[PDB]
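Here's work_28.pdb, which has PDB, C-alpha atoms:
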```pdb
ATOM      1  CA  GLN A   1       0.000   0.000   0.000
ATOM      2  CA  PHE A   2       1.020   3.686  -0.535
ATOM      3  CA  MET A   3      -0.533   6.982   0.754
ATOM      4  CA  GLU A   4      -1.022   9.488  -2.144
ATOM      5  CA  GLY A   5      -0.737  13.289  -1.473
ATOM      6  CA  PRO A   8      -7.150  16.651  -1.506
ATOM      7  CA  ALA A   9      -9.686  19.017  -3.233
ATOM      8  CA  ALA A  10      -9.860  16.950  -6.511
ATOM      9  CA  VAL A  11     -11.737  14.180  -4.543
ATOM     10  CA  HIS A  12     -14.725  16.627  -4.134
ATOM     11  CA  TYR A  13     -14.308  18.500  -7.500
ATOM     12  CA  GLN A  14     -17.625  20.061  -8.718
ATOM     13  CA  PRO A  15     -17.879  20.056 -12.564
ATOM     14  CA  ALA A  16     -17.742  23.515 -14.292
ATOM     15  CA  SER A  17     -20.290  22.429 -17.014
ATOM     16  CA  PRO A  18     -23.845  21.057 -16.935
ATOM     17  CA  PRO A  19     -23.987  17.225 -17.183
ATOM     18  CA  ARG A  20     -22.911  15.825 -20.627
ATOM     19  CA  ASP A  21     -26.533  15.476 -21.975
ATOM     20  CA  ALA A  22     -27.473  19.121 -20.987
ATOM     21  CA  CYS A  23     -24.491  20.727 -22.857
ATOM     22  CA  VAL A  24     -24.862  22.500 -26.249
ATOM     23  CA  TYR A  25     -23.403  19.839 -28.635
ATOM     24  CA  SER A  26     -23.184  19.312 -32.424
ATOM     25  CA  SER A  27     -21.198  16.272 -33.762
ATOM     26  CA  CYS A  28     -18.037  17.367 -35.762
ATOM     27  CA  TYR A  29     -18.120  20.997 -34.327
ATOM     28  CA  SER A  30     -16.020  20.334 -31.133
ATOM     29  CA  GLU A  31     -14.400  23.844 -31.572
ATOM     30  CA  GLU A  32     -17.950  25.311 -31.105
ATOM     31  CA  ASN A  33     -18.997  22.796 -28.371
ATOM     32  CA  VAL A  34     -15.937  23.996 -26.316
ATOM     33  CA  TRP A  35     -16.632  27.717 -27.154
ATOM     34  CA  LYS A  36     -20.130  27.115 -25.639
ATOM     35  CA  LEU A  37     -18.612  25.502 -22.468
ATOM     36  CA  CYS A  38     -16.437  28.711 -22.156
ATOM     37  CA  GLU A  39     -19.543  30.987 -22.564
ATOM     38  CA  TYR A  40     -21.428  28.913 -19.891
ATOM     39  CA  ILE A  41     -18.506  29.199 -17.375
ATOM     40  CA  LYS A  42     -18.172  32.985 -18.120
ATOM     41  CA  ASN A  43     -21.932  33.701 -17.557
ATOM     42  CA  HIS A  44     -22.217  31.529 -14.350
ATOM     43  CA  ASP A  45     -20.764  32.322 -10.871
ATOM     44  CA  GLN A  46     -19.002  28.943 -10.108
ATOM     45  CA  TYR A  47     -15.507  29.320 -11.748
ATOM     46  CA  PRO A  48     -13.467  32.068 -13.499
ATOM     47  CA  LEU A  49     -12.404  31.692 -17.202
ATOM     48  CA  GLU A  50      -8.787  32.445 -15.993
ATOM     49  CA  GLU A  51      -8.635  28.782 -14.747
ATOM     50  CA  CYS A  52      -9.813  27.356 -18.141
ATOM     51  CA  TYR A  53      -8.246  26.703 -21.585
ATOM     52  CA  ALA A  54      -9.518  25.714 -25.035
ATOM     53  CA  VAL A  55      -7.207  22.873 -26.230
ATOM     54  CA  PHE A  56      -6.963  22.195 -30.013
ATOM     55  CA  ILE A  57      -5.394  18.748 -30.752
ATOM     56  CA  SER A  58      -3.911  18.378 -34.285
ATOM     57  CA  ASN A  59      -0.619  17.968 -36.232
ATOM     58  CA  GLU A  60       0.911  19.255 -39.536
ATOM     59  CA  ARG A  61      -0.842  16.492 -41.635
ATOM     60  CA  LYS A  62      -4.194  17.057 -39.728
ATOM     61  CA  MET A  63      -4.567  13.310 -38.909
ATOM     62  CA  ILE A  64      -4.536  12.560 -35.112
ATOM     63  CA  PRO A  65      -5.640   9.239 -33.542
ATOM     64  CA  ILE A  66      -7.844   9.693 -30.408
ATOM     65  CA  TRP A  67      -9.020   6.621 -28.397
ATOM     66  CA  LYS A  68     -12.171   6.401 -26.155
ATOM     67  CA  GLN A  69     -14.211   8.397 -28.772
ATOM     68  CA  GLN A  70     -18.018   7.800 -28.945
ATOM     69  CA  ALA A  71     -17.921   7.854 -32.822
ATOM     70  CA  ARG A  72     -16.056   4.455 -32.559
ATOM     71  CA  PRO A  73     -16.949   2.365 -29.470
ATOM     72  CA  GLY A  74     -14.288  -0.396 -29.137
ATOM     73  CA  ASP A  75     -10.494  -0.329 -28.402
ATOM     74  CA  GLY A  76      -9.546   1.378 -31.752
ATOM     75  CA  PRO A  77      -8.994   5.125 -32.468
ATOM     76  CA  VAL A  78     -10.991   7.796 -34.359
ATOM     77  CA  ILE A  79      -8.618   9.609 -36.816
ATOM     78  CA  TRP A  80      -9.659  13.325 -36.575
ATOM     79  CA  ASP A  81      -8.344  16.191 -38.741
ATOM     80  CA  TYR A  82      -8.481  18.083 -35.379
ATOM     81  CA  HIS A  83     -10.332  17.774 -32.024
ATOM     82  CA  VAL A  84     -11.064  20.392 -29.301
ATOM     83  CA  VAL A  85     -11.579  19.862 -25.517
ATOM     84  CA  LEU A  86     -11.844  22.179 -22.466
ATOM     85  CA  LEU A  87      -9.123  22.048 -19.746
ATOM     86  CA  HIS A  88      -9.950  23.339 -16.210
ATOM     87  CA  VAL A  89      -7.045  23.704 -13.689
ATOM     88  CA  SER A  90      -8.878  23.265 -10.292
ATOM     89  CA  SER A  91      -7.763  25.331  -7.213
ATOM     90  CA  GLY A  92      -5.501  22.528  -5.809
ATOM     91  CA  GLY A  93      -3.627  22.196  -9.166
ATOM     92  CA  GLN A  94      -5.444  19.057 -10.527
ATOM     93  CA  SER A  95      -6.429  19.478 -14.250
ATOM     94  CA  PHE A  96      -9.763  18.152 -15.665
ATOM     95  CA  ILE A  97     -10.569  17.511 -19.391
ATOM     96  CA  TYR A  98     -14.137  18.266 -20.667
ATOM     97  CA  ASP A  99     -14.617  16.259 -23.942
ATOM     98  CA  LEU A 100     -18.307  15.826 -24.938
ATOM     99  CA  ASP A 101     -17.127  13.166 -27.512
ATOM    100  CA  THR A 102     -15.152  10.865 -25.084
ATOM    101  CA  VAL A 103     -16.607   7.602 -23.587
ATOM    102  CA  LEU A 104     -14.428   8.518 -20.532
ATOM    103  CA  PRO A 105     -16.151  10.431 -17.691
ATOM    104  CA  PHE A 106     -17.273  14.074 -18.316
ATOM    105  CA  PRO A 107     -15.237  15.618 -16.829
ATOM    106  CA  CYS A 108     -12.108  13.387 -16.677
ATOM    107  CA  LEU A 109      -8.904  13.696 -14.563
ATOM    108  CA  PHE A 110      -6.098  15.008 -16.836
ATOM    109  CA  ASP A 111      -3.765  11.993 -16.264
ATOM    110  CA  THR A 112      -6.529   9.447 -17.229
ATOM    111  CA  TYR A 113      -7.494  11.434 -20.400
ATOM    112  CA  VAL A 114      -3.826  11.566 -21.562
ATOM    113  CA  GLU A 115      -3.201   7.881 -20.570
ATOM    114  CA  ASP A 116      -6.430   6.387 -22.109
ATOM    115  CA  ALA A 117      -7.628   8.890 -24.841
ATOM    116  CA  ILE A 118      -4.241  10.201 -26.148
ATOM    117  CA  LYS A 119      -1.836   7.377 -25.043
ATOM    118  CA  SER A 120       1.999   7.479 -25.499
ATOM    119  CA  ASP A 121       3.260   9.162 -28.770
ATOM    120  CA  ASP A 122       6.289   6.741 -28.636
ATOM    121  CA  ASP A 123       4.830   3.643 -30.499
ATOM    122  CA  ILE A 124       2.871   5.892 -32.963
ATOM    123  CA  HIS A 125       4.564   6.723 -36.324
ATOM    124  CA  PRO A 126       5.950  10.225 -35.540
ATOM    125  CA  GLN A 127       3.864  12.109 -38.220
ATOM    126  CA  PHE A 128       0.587  11.013 -36.421
ATOM    127  CA  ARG A 129       1.906  12.439 -33.081
ATOM    128  CA  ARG A 130      -0.520  14.772 -31.227
ATOM    129  CA  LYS A 131       0.304  18.481 -30.660
ATOM    130  CA  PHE A 132      -1.767  20.803 -28.403
ATOM    131  CA  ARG A 133      -2.659  24.483 -28.968
ATOM    132  CA  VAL A 134      -3.663  25.786 -25.490
ATOM    133  CA  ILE A 135      -5.596  29.137 -25.529
ATOM    134  CA  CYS A 136      -6.789  30.820 -22.282
ATOM    135  CA  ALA A 137     -10.634  30.497 -22.462
ATOM    136  CA  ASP A 138     -10.979  34.354 -22.218
ATOM    137  CA  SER A 139      -8.681  34.809 -25.298
ATOM    138  CA  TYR A 140     -10.708  32.003 -27.063
ATOM    139  CA  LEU A 141     -14.044  33.885 -26.514
ATOM    140  CA  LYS A 142     -12.355  37.193 -27.622
ATOM    141  CA  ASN A 143     -10.595  35.958 -30.824
ATOM    142  CA  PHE A 144     -12.315  32.755 -32.201
ATOM    143  CA  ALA A 145     -14.412  33.117 -35.417
ATOM    144  CA  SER A 146     -15.853  30.391 -37.735
ATOM    145  CA  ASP A 147     -18.218  30.876 -40.746
ATOM    146  CA  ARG A 148     -18.380  26.999 -40.853
ATOM    147  CA  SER A 149     -17.192  27.148 -44.549
ATOM    148  CA  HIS A 150     -14.948  24.084 -43.786
ATOM    149  CA  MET A 151     -18.155  21.986 -43.178
ATOM    150  CA  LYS A 152     -19.626  22.668 -46.688
ATOM    151  CA  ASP A 153     -18.841  20.601 -49.855
ATOM    152  CA  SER A 154     -17.832  22.200 -53.241
ATOM    153  CA  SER A 155     -21.563  23.070 -53.931
ATOM    154  CA  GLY A 156     -22.126  24.595 -50.418
ATOM    155  CA  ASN A 157     -24.072  21.600 -48.929
ATOM    156  CA  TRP A 158     -23.523  20.645 -45.213
ATOM    157  CA  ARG A 159     -21.249  17.568 -44.657
ATOM    158  CA  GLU A 160     -22.641  17.460 -41.052
ATOM    159  CA  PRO A 161     -25.720  19.308 -39.680
ATOM    160  CA  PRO A 162     -24.745  22.780 -38.349
ATOM    161  CA  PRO A 163     -25.179  23.912 -34.717
ATOM    162  CA  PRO A 164     -28.600  25.512 -34.029
ATOM    163  CA  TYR A 165     -27.320  29.147 -33.541
ATOM    164  CA  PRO A 166     -25.645  31.762 -35.815
ATOM    165  CA  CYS A 167     -21.891  31.512 -36.665
ATOM    166  CA  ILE A 168     -19.445  32.814 -33.983
ATOM    167  CA  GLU A 169     -17.747  36.032 -35.284
ATOM    168  CA  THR A 170     -15.688  38.941 -33.781
ATOM    169  CA  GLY A 171     -15.033  42.591 -34.860
ATOM    170  CA  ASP A 172     -11.652  41.388 -36.316
ATOM    171  CA  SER A 173     -12.681  38.173 -38.224
ATOM    172  CA  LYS A 174     -15.603  36.002 -39.506
ATOM    173  CA  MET A 175     -13.250  32.956 -40.042
ATOM    174  CA  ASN A 176      -9.839  32.148 -38.418
ATOM    175  CA  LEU A 177     -10.469  28.433 -37.501
ATOM    176  CA  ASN A 178      -7.305  27.427 -39.496
ATOM    177  CA  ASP A 179      -5.206  29.669 -37.116
ATOM    178  CA  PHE A 180      -6.335  27.391 -34.176
ATOM    179  CA  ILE A 181      -6.030  24.008 -36.050
ATOM    180  CA  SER A 182      -2.474  25.062 -37.149
ATOM    181  CA  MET A 183       0.217  23.759 -34.708
ATOM    182  CA  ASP A 184       2.595  26.499 -36.041
ATOM    183  CA  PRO A 185       3.619  28.895 -33.191
ATOM    184  CA  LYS A 186       3.958  31.774 -35.776
ATOM    185  CA  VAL A 187       0.103  31.553 -36.280
ATOM    186  CA  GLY A 188      -2.885  32.317 -33.974
ATOM    187  CA  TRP A 189      -3.167  32.634 -30.139
ATOM    188  CA  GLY A 190      -1.970  30.668 -27.060
ATOM    189  CA  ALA A 191       0.951  28.187 -26.918
ATOM    190  CA  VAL A 192       1.691  25.052 -29.034
ATOM    191  CA  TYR A 193       2.932  22.036 -26.992
ATOM    192  CA  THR A 194       4.183  18.537 -27.833
ATOM    193  CA  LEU A 195       2.460  15.782 -25.748
ATOM    194  CA  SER A 196       5.533  15.910 -23.387
ATOM    195  CA  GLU A 197       5.271  19.736 -22.975
ATOM    196  CA  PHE A 198       1.428  19.441 -22.506
ATOM    197  CA  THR A 199       1.667  16.809 -19.708
ATOM    198  CA  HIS A 200       4.630  18.694 -18.097
ATOM    199  CA  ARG A 201       2.543  21.950 -17.971
ATOM    200  CA  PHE A 202      -0.816  20.454 -16.758
ATOM    201  CA  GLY A 203       0.100  17.025 -15.206
ATOM    202  CA  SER A 204       0.241  16.448 -11.381
TER     203      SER A 204
END
```

Turn the structure described in the file into structure tokens.
Amino acid sequence: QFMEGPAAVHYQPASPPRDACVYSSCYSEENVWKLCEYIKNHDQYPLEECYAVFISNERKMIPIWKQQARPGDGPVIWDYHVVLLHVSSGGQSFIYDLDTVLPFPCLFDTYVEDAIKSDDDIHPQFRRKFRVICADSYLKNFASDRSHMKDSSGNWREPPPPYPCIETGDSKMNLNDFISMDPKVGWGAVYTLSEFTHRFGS
């Protein structure tokens, strides 16, 4: 037996339950935006403790395990995926992923261990990188006209969310600047898996 180091034991989720959250399949960038808006407008937690996390790589093909689109022990291969990260008062991080079969929310270490897994046995070009944007900066700067979800003739590949496109005074579309894992582009910080776990892990 071993005694571990506790606020995380009694952690109160920052979102409604999974089924009460604004959710559209294949718009995780918008699902997370809506979690940020909820936390902002409610009196439970400050946005300062929260981050939008874009997961992608240069080829825009990232394996993610424990995804509800593929129940089983195999991965979904996303072009990109977006989750919310909350750093609780004691220092324990929680991942909010409406698309995971893991708990909502999920302790950071379990999400990385079971959803992401080690980069080491994965062919390097499928490795996962993380763009971490303070949730306040995400609400201020994010814009999508959803043009990426329309085919050549302007038809929807997946049904759109049931509210108007998110836009700012600066942009109507900069989604590529968040999917990009190039530090020269967009807001926040771009981390390897190692840098991501070092920053937010216990």

All residues 8 Å or closer to stretch 42-52 of chain A, all atoms listed in the file, same chain fewer than 6 positions away omitted, as a ChimeraX atom specification:
/A:16,86-90,136-138

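Checking A:201, A:125, A:186, A:36 one by one against residue A:63, counting all atoms listed in the file, you find the shortest gap at A:125.
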
From the set A:198, A:67, A:82, A:56, which residue has the shortest atom-to-atom contact distance to residue A:133, counting only C-alpha atoms?
A:56

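For the point (-22.8, 33.3, -38.3), the residues with an atom at a distance of at most 7 Å are residues 147, 166, 167, 168 and 169 of chain A, counting only C-alpha atoms.
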
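With distances taken over all atoms listed in the file, A:29 is the one residue among A:134, A:171, A:29, A:37 lying closest to residue A:150.
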
Can you give me, as a ChimeraX atom specification, the residues this file yields under the PyMOL selection byres ((chain A and resi 70-76) around 6)?
/A:69,77,101-103

For this structure, which residues satisfy the selection - the PyMOL selection byres ((chain A and resi 181) around 7) - when it is evaluated on the file as given? I want them as a PyMOL selection string.
chain A and resi 56+58+82+177-180+182-183

Near residue A:26, within 10 Å and counting all atoms listed in the file, which residues show up once chain neighbours fewer than 5 positions away are dropped, as a ChimeraX atom specification?
/A:31-33,100-101,160-164

Take the residues from that selection and write them out as a compact mmCIF listing (two decimals), keeping the file's coordinate frame, keeping C-alpha atoms.
```txt
# COMPACT_ATOMS: atom_id res chain seq x y z
CA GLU A 31 -14.40 23.84 -31.57
CA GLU A 32 -17.95 25.31 -31.10
CA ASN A 33 -19.00 22.80 -28.37
CA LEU A 100 -18.31 15.83 -24.94
CA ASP A 101 -17.13 13.17 -27.51
CA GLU A 160 -22.64 17.46 -41.05
CA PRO A 161 -25.72 19.31 -39.68
CA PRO A 162 -24.74 22.78 -38.35
CA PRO A 163 -25.18 23.91 -34.72
CA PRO A 164 -28.60 25.51 -34.03
```

Would you please work out which residue, of A:12, A:4, A:95, A:114, is nearest to residue A:132 when using only C-alpha atoms?
A:114

Point-to-point distance in Å for atom CA of residue A:99 and atom CA of residue A:140:
16.5 Å

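Considering the residues A:68, A:148, A:142, A:130 and counting all atoms listed in the file, residue A:117 has its shortest atom-to-atom contact with A:68.
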
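Taking atom CA of residue A:144 and atom CA of residue A:170 as endpoints, the distance between them is 7.2 Å.
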
Grab the atom CA of residue A:94 to atom CA of residue A:126 distance for me, in Å with one decimal place.
28.9 Å

Neighbours of residue A:196 within 10 Å (only C-alpha atoms; same-chain residues fewer than 6 positions away dropped), as an MDAnalysis selection string?
chainID A and resid 120:121 130:131 203

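Using only C-alpha atoms, the shortest contact distance between residue A:81 and any of A:64, A:187, A:34, A:97 is found at A:64.
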
Test item: axis-aligned box, all listed atoms of stretch 171-185 of chain A, 8 Å on each side, centre and edges in Å rounded to one decimal, as lines of an AutoDock Vina configuration file:
```
center_x = -6.0
center_y = 33.2
center_z = -36.6
size_x = 35.2
size_y = 34.8
size_z = 22.9
```
